[PDB]
Amino acid sequence: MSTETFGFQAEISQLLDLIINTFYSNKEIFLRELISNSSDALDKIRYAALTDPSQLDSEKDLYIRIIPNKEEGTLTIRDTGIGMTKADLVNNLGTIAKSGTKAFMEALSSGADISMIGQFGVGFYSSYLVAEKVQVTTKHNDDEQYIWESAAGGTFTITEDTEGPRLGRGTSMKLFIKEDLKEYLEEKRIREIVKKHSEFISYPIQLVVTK
Ligand SMILES: CCNC(=O)c1noc(-c2cc(C(C)C)c(O)cc2O)c1-c1ccc(CN2CCOCC2)cc1
């Protein structure tokens with residue numbers, strides 16, 4: 001249960017400051033990128049299953065589920081993707097991201113839009129447009145379950161998950177929404193965003209509504 005504290009790569013910290021401290025209007029594009037990242041993770045496990053199906057034993061259902069928690073003020077995006085290993089959390093959210101993170105700001109200096117963040121493979125960091133803190137719970141078939149957490153203060157912590165709920169396989173991403181942005185926890189707002197930005201994705205998008 002030991003927590004290892006790591007620091008963001010310099011370009012990622014530099015980019016993370018550009019997302020938080022700059023004012024943008026349609027911050028709703030974060031959900032498009034988090035669903036798209038969930039869809040890409042779902043693609044990788046079907047392709048792994050085509051090679052070896054024993055990979056779906058962890059969880060046979062492939063879906064994308066959104067769980068807004070108004071009382072906790074969190075938006076959770078759970079998908080049964082291939083998941084990430086402890087190594088992958090550092091090497092997929094870093095190093096591979098460095099070329100894209102730099103290329104994004106090189107495009108942003110050329111006058112690009114914040115919505116193009118997905119074309120540079122760093123669409124996850126757009127979640128900090130609406131989230132003050134992000135808890136990424138992941139589980140890959142060949143590794144253990146880990147909780148990645150960061151408030152974009154230049155440091156991120158990876159914790160081996162031993163007391164949280166089992167995922168089996170996939171990635172559960174808990175976004176701690178800023179108080180002025182609780183609109184992204186409303187039922188109607190989430191759905192009109194999903195239909196607007198993620199209409200044509202192959203996997204089923206699920207929303208947990210509570211009455
Ligand atoms: C290495 C094999 N495993 C995975 O790729 C994986 N499993 O779960 C992933 C999710 C990641 C995120 C954020 C933290 C990146 C989500 O919001 C949702 C996921 O399912 C997730 C993932 C999916 C896509 C990406 C970014 N891609 C896409 C753009 O190019 C770079 C790589 C990064 C991570």
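What follows is calculated from the coordinates using simple rules that are stated; it is not laboratory data. Because the Cβ atoms are built from the backbone with ideal geometry, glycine has one as well, and the counts that use them run over all protein chains shown.
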- Rounded, prolate or oblate: which one fits the range 17-124, using the alpha carbon gyration tensor with axes a ≥ b ≥ c (rounded when a/c is under 1.5, else prolate when a/b beats b/c, else oblate)? oblate
- Task: Towards the positive end of the charge dipole of the chain, with charges on Cβ (+1 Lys, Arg; -1 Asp, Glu), say which of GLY168, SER99, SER198 has the farthest Cα.
- Result: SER198
- Item | Label-point separation in nm, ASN21 to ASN69, each point 7 Å along Cα→Cβ | 3.1
- Query: Given a cut-off of 22 Å, what percent of all Cα-Cα pairs of the chain lie beyond it?
  - Reply: 48
- Taking a point 7 angstrom from the Cα of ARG166 along the C-beta vector, which residues in the range 45-70 have backbone N less than 14 Å away? 57-60
- Message: Can you compute the charge dipole magnitude of the chain about its Cα centre, using +1 on each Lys and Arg Cβ and -1 on each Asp and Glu Cβ, nothing else charged? Give it in debye, rounded to the nearest 20.
- Response: 540
- Note on the structure: Calculated from DSSP helices alone, with each H run of at least 4 adding -39500 (n - 2.57) and the total divided by the residues of the chain, [θ]222 nm to the nearest 500 comes to -10000 deg cm²/dmol
- What spacing in nm lies between the two simple spin-label points modelled at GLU187 and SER115, each 7 Å away from Cα in the Cβ direction? 2.8
- Task: Could you list, in their original order, any pairs among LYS27/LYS174; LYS60/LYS196; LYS70/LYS196; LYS44/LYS174; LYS139/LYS178 whose Cα atoms are separated by more than 24 Å?
- Result: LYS60/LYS196; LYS139/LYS178
- P(r), alpha carbons of the range 81-200 - 10 Å bins starting at zero, rounded %: 12, 35, 39, 13, 1
